[PDB]
>>> print(open('entry27.txt').read())   # compact mmCIF, N, CA and C atoms and all ligand atoms
# COMPACT_ATOMS: atom_id res chain seq x y z
N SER A 42 -26.25 -24.88 -51.74
CA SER A 42 -27.11 -24.97 -50.56
C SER A 42 -26.32 -24.63 -49.30
N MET A 43 -26.79 -25.11 -48.15
CA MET A 43 -26.13 -24.84 -46.87
C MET A 43 -24.71 -25.41 -46.81
N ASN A 44 -23.86 -24.77 -46.01
CA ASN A 44 -22.58 -25.34 -45.63
C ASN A 44 -22.82 -26.44 -44.61
N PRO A 45 -21.99 -27.50 -44.65
CA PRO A 45 -22.00 -28.51 -43.59
C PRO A 45 -21.29 -27.95 -42.37
N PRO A 46 -21.42 -28.61 -41.21
CA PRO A 46 -20.54 -28.23 -40.10
C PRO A 46 -19.09 -28.47 -40.48
N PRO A 47 -18.16 -27.74 -39.86
CA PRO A 47 -16.73 -27.94 -40.14
C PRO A 47 -16.27 -29.32 -39.67
N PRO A 48 -15.10 -29.77 -40.16
CA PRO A 48 -14.60 -31.07 -39.71
C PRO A 48 -14.34 -31.06 -38.21
N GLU A 49 -14.50 -32.21 -37.57
CA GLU A 49 -14.20 -32.35 -36.14
C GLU A 49 -12.74 -31.99 -35.89
N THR A 50 -12.48 -31.30 -34.79
CA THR A 50 -11.12 -30.89 -34.47
C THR A 50 -10.68 -31.36 -33.09
N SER A 51 -11.62 -31.92 -32.32
CA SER A 51 -11.33 -32.32 -30.96
C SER A 51 -12.14 -33.55 -30.59
N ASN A 52 -11.48 -34.55 -30.02
CA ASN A 52 -12.18 -35.75 -29.59
C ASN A 52 -11.57 -36.27 -28.29
N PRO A 53 -12.28 -36.08 -27.16
CA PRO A 53 -11.81 -36.44 -25.83
C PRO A 53 -11.62 -37.95 -25.69
N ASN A 54 -12.25 -38.70 -26.59
CA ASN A 54 -12.27 -40.15 -26.53
C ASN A 54 -11.15 -40.82 -27.35
N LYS A 55 -10.38 -40.03 -28.08
CA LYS A 55 -9.25 -40.60 -28.81
C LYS A 55 -7.91 -40.18 -28.20
N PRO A 56 -6.96 -41.13 -28.13
CA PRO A 56 -5.66 -40.96 -27.46
C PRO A 56 -4.90 -39.72 -27.92
N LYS A 57 -3.87 -39.36 -27.15
CA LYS A 57 -3.07 -38.18 -27.44
C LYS A 57 -1.59 -38.44 -27.19
N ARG A 58 -0.76 -37.92 -28.08
CA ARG A 58 0.68 -37.92 -27.87
C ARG A 58 1.31 -36.73 -28.60
N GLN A 59 2.42 -36.24 -28.05
CA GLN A 59 3.21 -35.22 -28.72
C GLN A 59 4.44 -35.90 -29.30
N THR A 60 4.70 -35.65 -30.58
CA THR A 60 5.89 -36.20 -31.22
C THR A 60 6.64 -35.05 -31.88
N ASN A 61 7.90 -35.28 -32.22
CA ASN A 61 8.69 -34.23 -32.84
C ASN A 61 8.15 -33.85 -34.22
N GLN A 62 7.60 -34.84 -34.92
CA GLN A 62 7.04 -34.59 -36.25
C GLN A 62 5.76 -33.74 -36.17
N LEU A 63 4.90 -34.06 -35.21
CA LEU A 63 3.68 -33.29 -35.02
C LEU A 63 3.99 -31.84 -34.61
N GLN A 64 4.95 -31.66 -33.71
CA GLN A 64 5.36 -30.31 -33.33
C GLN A 64 5.85 -29.53 -34.55
N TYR A 65 6.67 -30.19 -35.37
CA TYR A 65 7.20 -29.60 -36.59
C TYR A 65 6.06 -29.22 -37.54
N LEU A 66 5.08 -30.11 -37.68
CA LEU A 66 3.91 -29.83 -38.51
C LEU A 66 3.15 -28.57 -38.06
N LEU A 67 3.08 -28.34 -36.75
CA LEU A 67 2.41 -27.14 -36.26
C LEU A 67 3.33 -25.92 -36.36
N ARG A 68 4.51 -26.01 -35.75
CA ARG A 68 5.37 -24.83 -35.57
C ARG A 68 6.10 -24.40 -36.84
N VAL A 69 6.27 -25.33 -37.78
CA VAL A 69 6.95 -25.02 -39.03
C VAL A 69 6.02 -25.05 -40.24
N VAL A 70 5.42 -26.22 -40.50
CA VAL A 70 4.62 -26.40 -41.71
C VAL A 70 3.38 -25.50 -41.68
N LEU A 71 2.54 -25.66 -40.67
CA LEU A 71 1.32 -24.86 -40.58
C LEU A 71 1.64 -23.36 -40.52
N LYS A 72 2.53 -22.98 -39.60
CA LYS A 72 2.94 -21.58 -39.47
C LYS A 72 3.36 -20.96 -40.81
N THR A 73 4.20 -21.68 -41.55
CA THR A 73 4.75 -21.14 -42.79
C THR A 73 3.68 -21.00 -43.85
N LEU A 74 2.86 -22.03 -44.00
CA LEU A 74 1.81 -22.01 -45.01
C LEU A 74 0.80 -20.91 -44.70
N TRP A 75 0.43 -20.80 -43.43
CA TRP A 75 -0.51 -19.77 -43.00
C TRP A 75 -0.11 -18.36 -43.42
N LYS A 76 1.18 -18.07 -43.34
CA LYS A 76 1.69 -16.72 -43.63
C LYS A 76 1.88 -16.48 -45.14
N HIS A 77 1.73 -17.53 -45.94
CA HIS A 77 1.95 -17.43 -47.38
C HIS A 77 0.95 -16.49 -48.03
N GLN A 78 1.41 -15.76 -49.04
CA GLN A 78 0.60 -14.76 -49.73
C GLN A 78 -0.73 -15.33 -50.26
N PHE A 79 -0.75 -16.63 -50.57
CA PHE A 79 -1.96 -17.25 -51.10
C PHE A 79 -2.74 -18.09 -50.09
N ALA A 80 -2.45 -17.92 -48.81
CA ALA A 80 -3.09 -18.75 -47.79
C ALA A 80 -4.57 -18.45 -47.57
N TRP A 81 -4.97 -17.19 -47.73
CA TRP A 81 -6.32 -16.76 -47.30
C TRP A 81 -7.50 -17.66 -47.71
N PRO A 82 -7.58 -18.09 -48.98
CA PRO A 82 -8.73 -18.94 -49.30
C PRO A 82 -8.70 -20.28 -48.59
N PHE A 83 -7.56 -20.66 -48.02
CA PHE A 83 -7.41 -21.98 -47.43
C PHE A 83 -7.33 -21.96 -45.90
N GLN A 84 -7.52 -20.79 -45.31
CA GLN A 84 -7.41 -20.69 -43.85
C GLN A 84 -8.67 -21.08 -43.10
N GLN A 85 -9.76 -21.29 -43.83
CA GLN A 85 -11.05 -21.66 -43.23
C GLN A 85 -11.80 -22.59 -44.18
N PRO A 86 -12.79 -23.34 -43.66
CA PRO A 86 -13.59 -24.18 -44.56
C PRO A 86 -14.16 -23.35 -45.71
N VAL A 87 -14.27 -23.94 -46.89
CA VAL A 87 -14.89 -23.25 -48.01
C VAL A 87 -16.30 -22.87 -47.61
N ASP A 88 -16.58 -21.57 -47.64
CA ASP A 88 -17.92 -21.07 -47.38
C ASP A 88 -18.65 -20.98 -48.71
N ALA A 89 -19.28 -22.09 -49.10
CA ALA A 89 -19.95 -22.19 -50.40
C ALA A 89 -21.11 -21.22 -50.55
N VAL A 90 -21.78 -20.92 -49.44
CA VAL A 90 -22.85 -19.92 -49.46
C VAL A 90 -22.29 -18.53 -49.80
N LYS A 91 -21.33 -18.05 -49.01
CA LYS A 91 -20.77 -16.71 -49.20
C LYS A 91 -20.06 -16.54 -50.55
N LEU A 92 -19.40 -17.60 -51.01
CA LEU A 92 -18.70 -17.56 -52.30
C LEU A 92 -19.64 -17.86 -53.47
N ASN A 93 -20.91 -18.11 -53.16
CA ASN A 93 -21.88 -18.51 -54.16
C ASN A 93 -21.39 -19.69 -55.00
N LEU A 94 -21.23 -20.84 -54.36
CA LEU A 94 -20.84 -22.08 -55.03
C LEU A 94 -21.71 -23.22 -54.50
N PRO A 95 -23.00 -23.22 -54.85
CA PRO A 95 -23.98 -24.15 -54.26
C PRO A 95 -23.66 -25.61 -54.52
N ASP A 96 -22.85 -25.91 -55.54
CA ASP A 96 -22.54 -27.29 -55.85
C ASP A 96 -21.27 -27.80 -55.15
N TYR A 97 -20.60 -26.94 -54.38
CA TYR A 97 -19.30 -27.31 -53.83
C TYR A 97 -19.37 -28.59 -53.00
N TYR A 98 -20.29 -28.63 -52.04
CA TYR A 98 -20.40 -29.78 -51.15
C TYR A 98 -21.26 -30.91 -51.73
N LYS A 99 -21.77 -30.69 -52.94
CA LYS A 99 -22.30 -31.78 -53.76
C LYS A 99 -21.12 -32.53 -54.40
N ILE A 100 -20.04 -31.80 -54.69
CA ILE A 100 -18.86 -32.38 -55.35
C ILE A 100 -17.79 -32.84 -54.36
N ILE A 101 -17.55 -32.04 -53.32
CA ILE A 101 -16.51 -32.31 -52.34
C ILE A 101 -17.10 -32.90 -51.06
N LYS A 102 -16.88 -34.19 -50.84
CA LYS A 102 -17.46 -34.86 -49.68
C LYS A 102 -16.45 -35.03 -48.55
N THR A 103 -15.19 -34.67 -48.81
CA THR A 103 -14.15 -34.70 -47.79
C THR A 103 -13.46 -33.34 -47.71
N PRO A 104 -14.19 -32.32 -47.22
CA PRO A 104 -13.58 -30.99 -47.16
C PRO A 104 -12.48 -30.93 -46.10
N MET A 105 -11.52 -30.04 -46.31
CA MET A 105 -10.44 -29.83 -45.34
C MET A 105 -9.79 -28.48 -45.60
N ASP A 106 -9.25 -27.87 -44.55
CA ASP A 106 -8.70 -26.53 -44.66
C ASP A 106 -7.67 -26.33 -43.55
N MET A 107 -6.85 -25.29 -43.67
CA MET A 107 -5.76 -25.08 -42.70
C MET A 107 -6.24 -24.62 -41.32
N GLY A 108 -7.43 -24.01 -41.25
CA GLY A 108 -8.00 -23.64 -39.96
C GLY A 108 -8.30 -24.90 -39.17
N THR A 109 -8.92 -25.84 -39.84
CA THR A 109 -9.17 -27.16 -39.27
C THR A 109 -7.87 -27.86 -38.86
N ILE A 110 -6.87 -27.85 -39.75
CA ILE A 110 -5.61 -28.54 -39.47
C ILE A 110 -4.91 -27.90 -38.25
N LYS A 111 -4.92 -26.57 -38.19
CA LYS A 111 -4.36 -25.84 -37.05
C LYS A 111 -4.98 -26.35 -35.74
N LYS A 112 -6.31 -26.36 -35.69
CA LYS A 112 -7.03 -26.79 -34.50
C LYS A 112 -6.71 -28.25 -34.16
N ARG A 113 -6.69 -29.10 -35.18
CA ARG A 113 -6.38 -30.51 -34.96
C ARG A 113 -5.02 -30.70 -34.30
N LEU A 114 -4.00 -30.04 -34.83
CA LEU A 114 -2.66 -30.10 -34.24
C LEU A 114 -2.65 -29.55 -32.81
N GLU A 115 -3.30 -28.41 -32.62
CA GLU A 115 -3.42 -27.77 -31.31
C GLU A 115 -4.09 -28.65 -30.27
N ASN A 116 -5.06 -29.44 -30.72
CA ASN A 116 -5.83 -30.28 -29.83
C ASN A 116 -5.26 -31.68 -29.71
N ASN A 117 -4.08 -31.90 -30.30
CA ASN A 117 -3.45 -33.22 -30.33
C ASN A 117 -4.39 -34.27 -30.87
N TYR A 118 -5.13 -33.87 -31.91
CA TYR A 118 -6.14 -34.70 -32.53
C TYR A 118 -5.51 -35.85 -33.28
N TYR A 119 -4.33 -35.60 -33.84
CA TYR A 119 -3.66 -36.61 -34.66
C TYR A 119 -2.81 -37.53 -33.79
N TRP A 120 -2.74 -38.81 -34.16
CA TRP A 120 -1.81 -39.72 -33.49
C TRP A 120 -0.47 -39.72 -34.22
N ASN A 121 -0.52 -39.58 -35.54
CA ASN A 121 0.72 -39.57 -36.30
C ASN A 121 0.75 -38.53 -37.41
N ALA A 122 1.96 -38.24 -37.87
CA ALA A 122 2.20 -37.19 -38.84
C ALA A 122 1.47 -37.45 -40.15
N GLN A 123 1.39 -38.72 -40.54
CA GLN A 123 0.74 -39.09 -41.80
C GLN A 123 -0.72 -38.63 -41.85
N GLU A 124 -1.40 -38.71 -40.71
CA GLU A 124 -2.79 -38.26 -40.63
C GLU A 124 -2.92 -36.78 -40.96
N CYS A 125 -1.96 -35.99 -40.49
CA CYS A 125 -1.96 -34.55 -40.73
C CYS A 125 -1.58 -34.21 -42.17
N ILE A 126 -0.55 -34.90 -42.67
CA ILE A 126 -0.12 -34.76 -44.06
C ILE A 126 -1.26 -35.11 -45.03
N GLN A 127 -2.00 -36.16 -44.71
CA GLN A 127 -3.17 -36.52 -45.50
C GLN A 127 -4.18 -35.37 -45.58
N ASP A 128 -4.40 -34.71 -44.45
CA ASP A 128 -5.34 -33.59 -44.40
C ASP A 128 -4.89 -32.47 -45.34
N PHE A 129 -3.60 -32.13 -45.31
CA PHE A 129 -3.09 -31.12 -46.23
C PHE A 129 -3.35 -31.56 -47.68
N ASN A 130 -3.01 -32.81 -47.99
CA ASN A 130 -3.14 -33.31 -49.35
C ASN A 130 -4.58 -33.30 -49.81
N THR A 131 -5.48 -33.62 -48.89
CA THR A 131 -6.91 -33.57 -49.14
C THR A 131 -7.35 -32.15 -49.49
N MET A 132 -6.82 -31.18 -48.76
CA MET A 132 -7.13 -29.78 -49.03
C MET A 132 -6.76 -29.39 -50.46
N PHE A 133 -5.55 -29.75 -50.88
CA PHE A 133 -5.10 -29.39 -52.22
C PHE A 133 -5.91 -30.10 -53.29
N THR A 134 -6.11 -31.40 -53.09
CA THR A 134 -6.83 -32.22 -54.05
C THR A 134 -8.25 -31.71 -54.28
N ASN A 135 -8.93 -31.34 -53.19
CA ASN A 135 -10.28 -30.78 -53.27
C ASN A 135 -10.34 -29.58 -54.20
N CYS A 136 -9.37 -28.69 -54.06
CA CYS A 136 -9.28 -27.51 -54.91
C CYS A 136 -9.11 -27.92 -56.37
N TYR A 137 -8.23 -28.90 -56.61
CA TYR A 137 -7.94 -29.36 -57.97
C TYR A 137 -9.13 -30.08 -58.58
N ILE A 138 -9.88 -30.81 -57.76
CA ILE A 138 -11.08 -31.49 -58.24
C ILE A 138 -12.19 -30.51 -58.59
N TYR A 139 -12.43 -29.54 -57.72
CA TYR A 139 -13.54 -28.61 -57.90
C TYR A 139 -13.30 -27.60 -59.04
N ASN A 140 -12.07 -27.13 -59.17
CA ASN A 140 -11.75 -26.04 -60.09
C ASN A 140 -11.08 -26.52 -61.37
N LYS A 141 -11.00 -25.65 -62.37
CA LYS A 141 -10.31 -25.98 -63.61
C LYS A 141 -8.82 -25.73 -63.47
N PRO A 142 -7.99 -26.61 -64.05
CA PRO A 142 -6.55 -26.34 -64.13
C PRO A 142 -6.30 -24.94 -64.71
N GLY A 143 -5.35 -24.21 -64.13
CA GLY A 143 -5.05 -22.88 -64.62
C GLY A 143 -5.88 -21.76 -64.00
N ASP A 144 -6.99 -22.08 -63.34
CA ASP A 144 -7.76 -21.06 -62.61
C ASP A 144 -6.81 -20.37 -61.62
N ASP A 145 -7.03 -19.08 -61.35
CA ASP A 145 -6.21 -18.39 -60.37
C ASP A 145 -6.18 -19.16 -59.04
N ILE A 146 -7.33 -19.62 -58.57
CA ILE A 146 -7.40 -20.33 -57.30
C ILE A 146 -6.57 -21.62 -57.32
N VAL A 147 -6.51 -22.29 -58.47
CA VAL A 147 -5.71 -23.50 -58.62
C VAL A 147 -4.21 -23.21 -58.60
N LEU A 148 -3.78 -22.19 -59.33
CA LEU A 148 -2.38 -21.77 -59.31
C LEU A 148 -1.94 -21.39 -57.89
N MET A 149 -2.83 -20.74 -57.14
CA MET A 149 -2.55 -20.40 -55.75
C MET A 149 -2.34 -21.65 -54.91
N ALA A 150 -3.23 -22.63 -55.08
CA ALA A 150 -3.09 -23.90 -54.37
C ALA A 150 -1.78 -24.59 -54.73
N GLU A 151 -1.45 -24.59 -56.02
CA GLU A 151 -0.24 -25.25 -56.49
C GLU A 151 1.01 -24.63 -55.87
N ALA A 152 1.02 -23.30 -55.75
CA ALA A 152 2.13 -22.59 -55.09
C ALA A 152 2.24 -22.96 -53.60
N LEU A 153 1.10 -23.06 -52.92
CA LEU A 153 1.10 -23.50 -51.52
C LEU A 153 1.56 -24.95 -51.39
N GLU A 154 1.10 -25.81 -52.29
CA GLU A 154 1.49 -27.22 -52.25
C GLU A 154 3.00 -27.36 -52.46
N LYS A 155 3.56 -26.55 -53.35
CA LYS A 155 5.00 -26.58 -53.58
C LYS A 155 5.77 -26.29 -52.29
N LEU A 156 5.33 -25.27 -51.56
CA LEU A 156 5.96 -24.89 -50.29
C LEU A 156 5.79 -26.00 -49.26
N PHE A 157 4.58 -26.54 -49.20
CA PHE A 157 4.26 -27.67 -48.33
C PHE A 157 5.21 -28.84 -48.55
N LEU A 158 5.41 -29.21 -49.81
CA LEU A 158 6.25 -30.36 -50.14
C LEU A 158 7.70 -30.11 -49.74
N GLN A 159 8.17 -28.88 -49.94
CA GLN A 159 9.51 -28.51 -49.51
C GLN A 159 9.64 -28.72 -47.99
N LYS A 160 8.63 -28.30 -47.23
CA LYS A 160 8.69 -28.42 -45.77
C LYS A 160 8.60 -29.88 -45.32
N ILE A 161 7.75 -30.64 -45.99
CA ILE A 161 7.59 -32.06 -45.68
C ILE A 161 8.89 -32.82 -45.94
N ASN A 162 9.63 -32.39 -46.96
CA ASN A 162 10.91 -33.03 -47.29
C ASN A 162 11.87 -32.90 -46.13
N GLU A 163 11.73 -31.81 -45.37
CA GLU A 163 12.59 -31.59 -44.22
C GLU A 163 11.93 -32.04 -42.91
N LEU A 164 10.96 -32.95 -43.00
CA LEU A 164 10.33 -33.50 -41.80
C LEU A 164 11.39 -34.22 -40.98
N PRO A 165 11.55 -33.85 -39.70
CA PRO A 165 12.57 -34.52 -38.90
C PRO A 165 12.23 -35.99 -38.71
N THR A 166 13.25 -36.84 -38.65
CA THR A 166 13.03 -38.26 -38.40
C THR A 166 12.38 -38.44 -37.03
N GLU A 167 11.48 -39.41 -36.91
CA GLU A 167 10.77 -39.63 -35.65
C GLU A 167 11.73 -40.12 -34.57
N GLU A 168 12.15 -39.20 -33.70
CA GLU A 168 13.02 -39.56 -32.59
C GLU A 168 12.17 -40.15 -31.47
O1 LIG B 201 -11.34 -26.40 -52.64
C1 LIG B 201 -11.52 -25.07 -52.82
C2 LIG B 201 -12.37 -24.61 -53.85
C3 LIG B 201 -12.57 -23.23 -54.04
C4 LIG B 201 -11.93 -22.29 -53.20
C5 LIG B 201 -12.10 -20.90 -53.41
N1 LIG B 201 -12.58 -20.33 -54.53
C6 LIG B 201 -12.55 -18.99 -54.37
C7 LIG B 201 -13.00 -18.10 -55.38
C8 LIG B 201 -12.79 -18.44 -56.73
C9 LIG B 201 -13.20 -17.58 -57.78
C10 LIG B 201 -13.83 -16.36 -57.48
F1 LIG B 201 -14.21 -15.57 -58.46
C11 LIG B 201 -14.05 -16.01 -56.14
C12 LIG B 201 -13.64 -16.87 -55.10
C13 LIG B 201 -12.00 -18.74 -53.11
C14 LIG B 201 -11.72 -17.52 -52.44
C15 LIG B 201 -11.10 -16.45 -53.13
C16 LIG B 201 -10.81 -15.25 -52.43
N2 LIG B 201 -11.10 -15.16 -51.11
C17 LIG B 201 -11.68 -16.18 -50.41
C18 LIG B 201 -12.00 -17.39 -51.06
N3 LIG B 201 -11.73 -19.93 -52.56
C19 LIG B 201 -11.06 -22.75 -52.18
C20 LIG B 201 -10.86 -24.14 -51.99
>>> encode(input="entry27.txt", output="structure tokens", more="lines below")
Ligand SMILES: Oc1ccc(-c2nc(-c3ccc(F)cc3)c(-c3ccncc3)[nH]2)cc1
Amino acid sequence: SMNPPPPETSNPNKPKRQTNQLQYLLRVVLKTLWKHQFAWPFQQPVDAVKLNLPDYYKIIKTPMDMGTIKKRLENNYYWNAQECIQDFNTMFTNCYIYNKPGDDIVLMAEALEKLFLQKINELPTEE
């Protein structure tokens, strides 16, 4: 059926702060993942209509994607790094839930998650 609206990316009513971890998440983690050879399916919300997947949003009730995460970081939407990391993890998990293990799209997600985890391991300590 129809796509839902994309996740909220800006909220004037919620506090804002810049931290070294959040900057790293934007300038390193997001940047690197975005440029990855397998990033394309994950750079925008799943368009279930265009991809002909009418059951996608019947199955996935917490959608997330890197386009959304980019905007969230840009808009200082997150208060802490964990909130952003959760969004990434949600993105991967959604793919794994919706698709079969071994599907090309799943292997692509797994490769991106591997890179993600490497970058998260080098998350600077909160100064
Ligand atoms: O949580 C999820 C679930 C599914 C997908 C997804 N599947 C697909 C997809 C899977 C199989 C297929 F035949 C054609 C297209 C894509 C996709 C592929 C190429 N270009 C743009 C999008 N993305 C992405 C994230």
>>> atom_distance(input="entry27.txt", atom1="atom N of residue 51 (chain A)", atom2="atom N of residue 64 (chain A)")
16.6 Å
>>> residues_around(input="entry27.txt", residues="residue 112 (chain A)", least_positions_apart="6", cutoff="10 Å", atoms="only C-alpha atoms", output="ChimeraX atom specification")
/A:49-51,67,118
>>> atom_distance(input="entry27.txt", atom1="CA of residue 155 (chain A)", atom2="CA of residue 75 (chain A)")
13.7 Å
>>> closest_residue(input="entry27.txt", among="A:85, A:93, A:43, A:126", to="residue 106 (chain A)", atoms="only N, CA and C atoms")
A:85
>>> residues_near_ligand(input="entry27.txt", ligand="ligand LIG 201 (chain B)", cutoff="6 Å", atoms="only N, CA and C atoms and all ligand atoms", output="mmCIF file with N, CA and C atoms, keeping the file's coordinate frame")
data_model
loop_
_atom_site.group_PDB
_atom_site.id
_atom_site.type_symbol
_atom_site.label_atom_id
_atom_site.label_comp_id
_atom_site.auth_asym_id
_atom_site.auth_seq_id
_atom_site.Cartn_x
_atom_site.Cartn_y
_atom_site.Cartn_z
ATOM 1 N N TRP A 81 -4.970 -17.190 -47.730
ATOM 2 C CA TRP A 81 -6.320 -16.760 -47.300
ATOM 3 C C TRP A 81 -7.500 -17.660 -47.710
ATOM 4 N N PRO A 82 -7.580 -18.090 -48.980
ATOM 5 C CA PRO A 82 -8.730 -18.940 -49.300
ATOM 6 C C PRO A 82 -8.700 -20.280 -48.590
ATOM 7 N N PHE A 83 -7.560 -20.660 -48.020
ATOM 8 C CA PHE A 83 -7.410 -21.980 -47.430
ATOM 9 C C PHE A 83 -7.330 -21.960 -45.900
ATOM 10 N N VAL A 87 -14.270 -23.940 -46.890
ATOM 11 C CA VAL A 87 -14.890 -23.250 -48.010
ATOM 12 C C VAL A 87 -16.300 -22.870 -47.610
ATOM 13 N N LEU A 92 -19.400 -17.600 -51.010
ATOM 14 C CA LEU A 92 -18.700 -17.560 -52.300
ATOM 15 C C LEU A 92 -19.640 -17.860 -53.470
ATOM 16 N N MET A 132 -6.820 -31.180 -48.760
ATOM 17 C CA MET A 132 -7.130 -29.780 -49.030
ATOM 18 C C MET A 132 -6.760 -29.390 -50.460
ATOM 19 N N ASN A 135 -8.930 -31.340 -53.190
ATOM 20 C CA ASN A 135 -10.280 -30.780 -53.270
ATOM 21 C C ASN A 135 -10.340 -29.580 -54.200
ATOM 22 N N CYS A 136 -9.370 -28.690 -54.060
ATOM 23 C CA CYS A 136 -9.280 -27.510 -54.910
ATOM 24 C C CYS A 136 -9.110 -27.920 -56.370
ATOM 25 N N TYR A 137 -8.230 -28.900 -56.610
ATOM 26 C CA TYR A 137 -7.940 -29.360 -57.970
ATOM 27 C C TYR A 137 -9.130 -30.080 -58.580
ATOM 28 N N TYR A 139 -12.430 -29.540 -57.720
ATOM 29 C CA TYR A 139 -13.540 -28.610 -57.900
ATOM 30 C C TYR A 139 -13.300 -27.600 -59.040
ATOM 31 N N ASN A 140 -12.070 -27.130 -59.170
ATOM 32 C CA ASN A 140 -11.750 -26.040 -60.090
ATOM 33 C C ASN A 140 -11.080 -26.520 -61.370
ATOM 34 N N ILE A 146 -7.330 -19.620 -58.570
ATOM 35 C CA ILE A 146 -7.400 -20.330 -57.300
ATOM 36 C C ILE A 146 -6.570 -21.620 -57.320
#
>>> atom_distance(input="entry27.txt", atom1="atom N of residue 44 (chain A)", atom2="CA of residue 115 (chain A)")
25.4 Å
>>> closest_residue(input="entry27.txt", among="A:123, A:54, A:48, A:66", to="residue 163 (chain A)", atoms="only C-alpha atoms")
A:66
>>> closest_residue(input="entry27.txt", among="A:156, A:105, A:110, A:125", to="residue 74 (chain A)", atoms="all atoms listed in the file")
A:156
>>> closest_residue(input="entry27.txt", among="A:69, A:167, A:138, A:63", to="residue 114 (chain A)", atoms="all atoms listed in the file")
A:63
